[PDB]
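The file data08.txt contains compact mmCIF, C-alpha atoms and all ligand atoms:
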# COMPACT_ATOMS: atom_id res chain seq x y z
CA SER P 1 -15.27 -7.52 -6.65
CA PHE P 2 -12.15 -5.86 -8.43
CA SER P 3 -12.79 -4.75 -12.01
CA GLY P 4 -10.64 -3.33 -14.82
CA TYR P 5 -7.30 -4.66 -13.57
CA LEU P 6 -4.47 -5.76 -15.83
CA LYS P 7 -3.08 -9.14 -14.68
CA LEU P 8 0.73 -8.94 -14.30
CA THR P 9 1.39 -12.35 -12.70
CA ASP P 10 -0.52 -15.25 -11.13
CA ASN P 11 -1.29 -13.05 -8.08
CA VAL P 12 -0.46 -9.42 -8.93
CA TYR P 13 -2.97 -7.11 -10.71
CA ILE P 14 -2.67 -3.41 -11.56
CA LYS P 15 -5.06 -0.57 -12.41
CA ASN P 16 -4.75 3.18 -13.02
CA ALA P 17 -7.04 4.23 -10.21
CA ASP P 18 -7.36 6.47 -7.19
CA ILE P 19 -7.00 4.00 -4.28
CA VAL P 20 -9.55 6.02 -2.21
CA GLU P 21 -12.11 5.79 -5.00
CA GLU P 22 -11.24 2.16 -5.56
CA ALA P 23 -11.64 1.39 -1.83
CA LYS P 24 -15.04 3.20 -1.65
CA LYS P 25 -16.22 1.17 -4.66
CA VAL P 26 -14.95 -2.32 -3.75
CA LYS P 27 -14.97 -2.05 0.06
CA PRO P 28 -12.19 -4.67 0.15
CA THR P 29 -11.33 -6.79 3.19
CA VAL P 30 -7.95 -5.01 3.31
CA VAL P 31 -6.78 -1.69 2.00
CA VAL P 32 -3.04 -1.02 2.39
CA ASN P 33 -1.91 2.38 3.57
CA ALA P 34 1.53 3.78 2.67
CA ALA P 35 2.21 4.58 6.29
CA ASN P 36 5.13 6.12 8.18
CA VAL P 37 6.36 4.79 11.57
CA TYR P 38 4.38 7.41 13.48
CA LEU P 39 1.13 6.75 11.55
CA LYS P 40 1.02 10.50 10.76
CA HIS P 41 -1.18 10.43 7.64
CA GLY P 42 -0.23 13.82 6.25
CA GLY P 43 0.27 13.42 2.53
CA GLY P 44 0.39 11.02 -0.42
CA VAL P 45 -1.72 7.88 -0.13
CA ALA P 46 -1.89 8.18 3.71
CA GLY P 47 -3.21 11.74 3.65
CA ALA P 48 -5.76 10.82 0.99
CA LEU P 49 -7.00 7.67 2.84
CA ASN P 50 -7.15 9.55 6.13
CA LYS P 51 -9.06 12.48 4.54
CA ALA P 52 -11.61 9.97 3.12
CA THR P 53 -12.22 8.69 6.68
CA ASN P 54 -12.90 12.29 7.89
CA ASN P 55 -9.75 11.96 10.10
CA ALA P 56 -11.08 8.85 11.90
CA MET P 57 -8.02 6.93 10.66
CA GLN P 58 -5.71 9.53 12.28
CA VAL P 59 -7.65 9.51 15.58
CA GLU P 60 -7.45 5.72 15.71
CA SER P 61 -3.77 5.79 14.68
CA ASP P 62 -2.80 8.30 17.40
CA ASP P 63 -4.37 6.04 20.03
CA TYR P 64 -2.47 3.05 18.51
CA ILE P 65 0.86 4.98 18.70
CA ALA P 66 0.14 6.23 22.24
CA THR P 67 -0.32 2.59 23.35
CA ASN P 68 2.29 0.81 21.21
CA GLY P 69 4.92 3.29 20.10
CA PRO P 70 6.03 3.67 16.51
CA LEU P 71 6.13 0.94 13.91
CA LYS P 72 9.43 -0.24 12.44
CA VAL P 73 10.37 0.71 8.85
CA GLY P 74 9.40 -2.51 7.00
CA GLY P 75 6.69 -3.22 9.56
CA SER P 76 2.92 -2.97 9.70
CA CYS P 77 -0.14 -2.93 11.84
CA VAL P 78 -3.76 -3.83 11.17
CA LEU P 79 -6.27 -1.15 12.09
CA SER P 80 -9.89 -0.43 11.04
CA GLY P 81 -10.61 0.26 7.39
CA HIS P 82 -13.31 2.76 8.48
CA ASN P 83 -15.57 3.60 5.47
CA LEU P 84 -12.92 2.29 2.99
CA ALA P 85 -12.39 -1.37 3.84
CA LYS P 86 -12.96 -3.92 6.65
CA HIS P 87 -9.28 -3.38 7.68
CA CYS P 88 -6.44 -1.06 6.86
CA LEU P 89 -3.02 -2.67 6.80
CA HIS P 90 -0.67 0.25 7.54
CA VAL P 91 2.64 -0.75 5.98
CA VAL P 92 5.84 1.28 6.36
CA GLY P 93 8.02 1.14 3.30
CA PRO P 94 11.47 2.83 3.44
CA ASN P 95 11.36 6.54 2.69
CA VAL P 96 14.34 7.17 0.41
CA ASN P 97 13.85 10.96 1.08
CA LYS P 98 14.70 10.17 4.83
CA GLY P 99 17.78 8.04 3.86
CA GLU P 100 16.03 4.76 4.78
CA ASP P 101 17.41 1.46 3.51
CA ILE P 102 15.69 0.48 0.19
CA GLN P 103 16.43 -3.18 1.17
CA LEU P 104 13.56 -2.80 3.75
CA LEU P 105 11.08 -2.60 0.81
CA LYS P 106 11.05 -6.42 0.56
CA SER P 107 10.33 -6.68 4.33
CA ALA P 108 7.56 -4.14 3.90
CA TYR P 109 5.91 -6.18 1.09
CA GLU P 110 6.20 -9.39 3.19
CA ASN P 111 3.45 -7.96 5.41
CA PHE P 112 1.01 -8.41 2.47
CA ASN P 113 1.47 -12.22 2.70
CA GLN P 114 -0.55 -12.29 5.92
CA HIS P 115 -3.71 -11.31 3.93
CA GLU P 116 -5.28 -13.45 1.19
CA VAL P 117 -6.38 -10.41 -0.84
CA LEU P 118 -5.43 -6.73 -0.66
CA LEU P 119 -6.04 -3.44 -2.43
CA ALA P 120 -2.69 -1.61 -2.27
CA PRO P 121 -0.49 1.18 -3.51
CA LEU P 122 3.14 0.62 -4.63
CA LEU P 123 5.15 0.77 -1.42
CA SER P 124 7.82 3.48 -1.14
CA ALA P 125 6.60 5.08 -4.40
CA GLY P 126 5.38 8.72 -4.66
CA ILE P 127 6.50 10.97 -1.85
CA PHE P 128 8.48 8.07 -0.31
CA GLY P 129 11.03 8.61 -3.10
CA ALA P 130 11.74 5.10 -4.39
CA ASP P 131 11.64 4.11 -8.06
CA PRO P 132 8.09 2.74 -8.64
CA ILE P 133 9.42 0.30 -11.29
CA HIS P 134 11.67 -1.19 -8.58
CA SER P 135 8.71 -1.23 -6.11
CA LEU P 136 6.57 -3.19 -8.58
CA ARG P 137 9.41 -5.69 -9.16
CA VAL P 138 9.84 -6.22 -5.38
CA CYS P 139 6.05 -6.55 -5.07
CA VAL P 140 5.76 -9.30 -7.71
CA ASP P 141 8.87 -11.11 -6.32
CA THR P 142 7.72 -10.93 -2.67
CA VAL P 143 3.93 -10.99 -2.42
CA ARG P 144 2.37 -14.41 -2.92
CA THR P 145 -1.19 -13.43 -1.92
CA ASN P 146 -3.62 -11.64 -4.32
CA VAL P 147 -2.63 -7.98 -4.57
CA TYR P 148 -4.60 -5.40 -6.56
CA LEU P 149 -2.37 -2.42 -7.12
CA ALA P 150 -3.93 1.02 -7.65
CA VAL P 151 -1.55 3.47 -9.42
CA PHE P 152 -2.94 7.01 -9.31
CA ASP P 153 -0.74 8.58 -11.99
CA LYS P 154 -1.78 7.43 -15.60
CA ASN P 155 1.66 8.24 -17.04
CA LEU P 156 3.35 6.18 -14.29
CA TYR P 157 0.77 3.36 -14.76
CA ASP P 158 1.61 3.21 -18.51
CA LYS P 159 5.34 3.22 -17.80
CA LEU P 160 4.96 0.43 -15.20
CA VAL P 161 2.92 -1.79 -17.55
CA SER P 162 5.06 -1.10 -20.66
CA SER P 163 8.32 -1.81 -18.80
CA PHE P 164 7.06 -4.87 -16.83
CA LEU P 165 9.31 -7.82 -17.39
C1 LIG P 201 18.09 -7.28 6.33
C2 LIG P 201 17.56 -5.97 6.92
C3 LIG P 201 17.93 -4.83 6.00
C4 LIG P 201 16.03 -6.04 7.03
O1 LIG P 201 15.34 -6.54 6.14
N1 LIG P 201 15.51 -5.51 8.19
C5 LIG P 201 14.18 -5.35 8.57
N2 LIG P 201 13.12 -5.59 7.74
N3 LIG P 201 12.06 -5.16 8.39
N4 LIG P 201 12.50 -4.71 9.55
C6 LIG P 201 11.61 -4.15 10.56
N5 LIG P 201 13.81 -4.82 9.73
Would you write out, as structure tokens, the structure that this file holds?
Amino acid sequence: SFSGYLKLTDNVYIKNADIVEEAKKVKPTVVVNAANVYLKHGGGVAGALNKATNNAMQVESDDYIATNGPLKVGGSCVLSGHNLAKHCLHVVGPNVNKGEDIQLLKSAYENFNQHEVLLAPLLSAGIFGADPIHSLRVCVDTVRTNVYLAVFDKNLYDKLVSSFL
């Protein structure tokens, strides 16, 4: 199962890891994607997860959007995990760089509660523009299921652990 994680709370764990590499190693039941409403997996975690699936995630996602329309900011959908996981939970955190309401970050993390265990990135962090320290705080105060957080950046990982209240 998951190895090398630092335990933050009863149910939240954290590791300085590449979530693609982590997913290929563990093959978790659920890998969380830092998705946008259109499921256009261009950059950040989404671009990296999609590239690891050889674009199969994007092909599946375009069919999902053609049938269902876009997700809501704060919403999610469950699609295939391809070669990374059994399932991919595509969760849309607010993109602060698009002027989206940061208050939707709690709604976004609530989607994790539908899954007993997940491998995930910090929602709205990275290219989504939110403060990752705030994202981790909302994660630990919202998610009640077992979440294994993969933080790519070592310097950010150290800052998150050292500042964790
Ligand atoms: C109270 C408001 C800001 C809120 O949480 N709205 C919401 N959360 N997820 N979706 C979708 N819509």
Q | Counting only C-alpha atoms, the option among P:164, P:5, P:148, P:109 closest to residue P:94 | A | P:109
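Taking only C-alpha atoms and all ligand atoms into account, every polymer residue with at least one atom at most 7 Å away from ligand LIG 201 (chain P) is listed here: residues 72, 73, 74, 75, 101, 103, 104, 107 and 108 of chain P.
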**Q.** Point (7.3, 2.9, 8.5) neighbourhood (12 Å, only C-alpha atoms) written as JSON, numbers by chain
**A.** {"P": [33, 34, 35, 36, 37, 38, 39, 40, 41, 46, 69, 70, 71, 72, 73, 74, 75, 76, 77, 89, 90, 91, 92, 93, 94, 95, 96, 98, 100, 101, 104, 105, 107, 108, 109, 111, 123, 124, 128]}
Q: Find the residue from P:106, P:160, P:152, P:47 that sits nearest to residue P:132; use all atoms listed in the file when measuring.
A: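 Using all atoms listed in the file, residue P:132 sits closest to P:160.
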Q | Å distance separating atom CA of residue P:29 from atom CA of residue P:110, one decimal place | A | 17.7 Å
Q | Counting only C-alpha atoms, the residue of P:80, P:11, P:162, P:142 that sits nearest residue P:50 | A |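 Of all the options, P:80 lies closest to residue P:50.
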**Q.** Distance of atom CA of residue P:165 from atom CA of residue P:19, expressed in Å to one decimal place
**A.**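 Computing it gives 24.0 Å between the two atoms.
Here atom CA of residue P:15 and atom CA of residue P:58 stand 26.7 Å from one another.
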